[PDB]
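Asker: Numbering-wise (the deposited numbering), the sequence shown opens with residue 1 and increments by one.
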Amino acid sequence: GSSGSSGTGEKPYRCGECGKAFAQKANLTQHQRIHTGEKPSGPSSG
Ligand SMILES: [Zn+2]
């Protein structure tokens, strides 16, 4: 999935666990997953 940089302003949505932010919820909701049960491997997806 090769895409560019979507034109989005500030981010109204701000995570509650850490305090992150995102222009769209879909981006945040998927982020919270990082907190929900910490894995041994860790968030790398490299
Ligand atoms: Zn967070």
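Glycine included, every Cβ here is placed at the ideal spot set by N, Cα and C.
Nearer than 7 Å: is that true of the beta carbon of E38 relative to any heavy atom of ligand 1?
Answerer: No, since every heavy atom of ligand 1 falls outside the 7 Å radius drawn around the Cβ of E38.
Asker: Any idea what DSSP makes of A23, helix, strand or coil?
Answerer: It is coil, neither helix nor strand.
Asker: Have a look at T8 and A23 and give me their C-alpha separation to the nearest angstrom.
Answerer: Spanning the two alpha carbons is a distance of roughly 6 Å.
Asker: Is the closest heavy atom of ligand 1 to the C-beta of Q32 under 7 Å?
Answerer: For ligand 1, at least one heavy atom lies less than 7 Å from the Cβ of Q32.
Asker: Looking at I34: is its Cβ nearer than 8 Å to the Cβ of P43?
Answerer: Yes. Within cutoff.
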